[PDB]
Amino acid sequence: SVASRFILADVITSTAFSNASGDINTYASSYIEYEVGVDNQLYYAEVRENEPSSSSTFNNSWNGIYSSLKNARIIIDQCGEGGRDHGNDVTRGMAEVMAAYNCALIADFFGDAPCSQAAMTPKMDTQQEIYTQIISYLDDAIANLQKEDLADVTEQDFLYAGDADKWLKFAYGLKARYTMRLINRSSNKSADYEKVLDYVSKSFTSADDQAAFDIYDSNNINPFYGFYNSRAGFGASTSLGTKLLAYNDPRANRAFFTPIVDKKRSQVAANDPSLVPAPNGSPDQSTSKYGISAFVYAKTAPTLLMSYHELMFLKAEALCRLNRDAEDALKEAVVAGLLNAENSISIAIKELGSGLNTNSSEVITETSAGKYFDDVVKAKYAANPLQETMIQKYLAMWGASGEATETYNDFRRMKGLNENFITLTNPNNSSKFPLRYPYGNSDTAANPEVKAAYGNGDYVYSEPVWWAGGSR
């Protein structure tokens, strides 16, 4: 038994570092081609050999998400009447938001799964049932966050330093994310799009409001950076480079580093052969052959539980689907995405120091980004509003921020909507594009229901999740 605030510190840390931007994000990066898995486990994921369908693969992530959920629930109980932490309603609300967040990771990645009974052998809840719980948590949160605390949670709130109004914005931001998530299943899409717009209006007003776990240092590292630091397992994505080059996106000439040659990597354009980008779905296995995204060296970049740019892309997507003008919204989203990219790129350059030869590329600014939007994106948006909007969301959400996780949700949601806006080139996707993550072996062992649902794991390639038009 410990005070809820101390538990919350852990829940926030674990949700950012291990849950949202850990292995779930690592593998997503490969699946939607932000990166190429070039060594060991991620190599096998890349070429789709066993790895994507094995119950072992996400066992740790699985256990971690359930652990964080349990802890959040302990806070919620402790903060209730009769609880040791009674009167800490604001802390309670924060915990309710983290509970929602973790339930969503469960539902989004694994589909139907234990929830209501997790935290005998818990039954599996339908993904729809989990989403009902998710929204319910957020509604609870919205109410509680407007109350008070007895004990000051400030130093334990690694997200917002005790600012309940920012949490409230975050809760609405999540309502937007989750409303759009389930759109395929809606009985009234227009009402849903209008809800998204309303929720956005009550959410982040700028990047300063965004839900960022920004406590990384020399000694406490970013998890994306961490993976590369530990495994050197990513290579620069060819498919991604093709897109960037086609658009002449500012990041094309700025977000890529060559392999190490004579003790130096060099910052090069996506089409410079010295980059040695990795072919999606077919690299040679090696931790030294292929070039990389700048993002793998973004040691202290924050983990974005939900970005301002993502929120603006939601706003833009909602307007597009409503047949309304999304231009201003899209610009705001593209510029914010570029500025976040530049933040991480700069962190990475600083971290590499003398290990890197920079090119002559200019720092991406609010001005340069805006001009790029005007010069390139605006016309493409005019031509195909929705399509362009989602391509841009996709390009913005590439980084060290932990956003692959969410990009992978968007990709699969588009699939369920029979939309083909984001091109993937992995040849193994003909029959081995993972529609979901396999259940953790901890539960295939302990839970006959989960064991039955996991089968031999082939289902990960044939059974979409419910919000994607699936049944389980």
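Note that residue numbering begins at 1 and tracks the sequence as displayed.
- The gap between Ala119 and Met120 holds 10 or more unmodelled residues of the deposited sequence.
- Here the stretch with the larger average CA B-factor, out of 213-221 and 350-358, is 213-221.
- Judged by mean Cα B factor in the deposited record, 120-128 ranks above the other of 188-196 and 120-128.
- The deposited CA B-factor of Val450 belongs to the highest third of values across its chain.
- When the modelled residues of the chain are ordered by their C-alpha B factor, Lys299 lands in the lowest third.
- Ranked by C-alpha B-factor against the other modelled residues of its chain, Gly162 falls in the highest third.
- Remark: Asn19 belongs to the middle third of its chain, ranked by C-alpha B-factor as recorded.
- Sort the modelled residues of the chain by CA B factor and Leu311 lands in the middle third.
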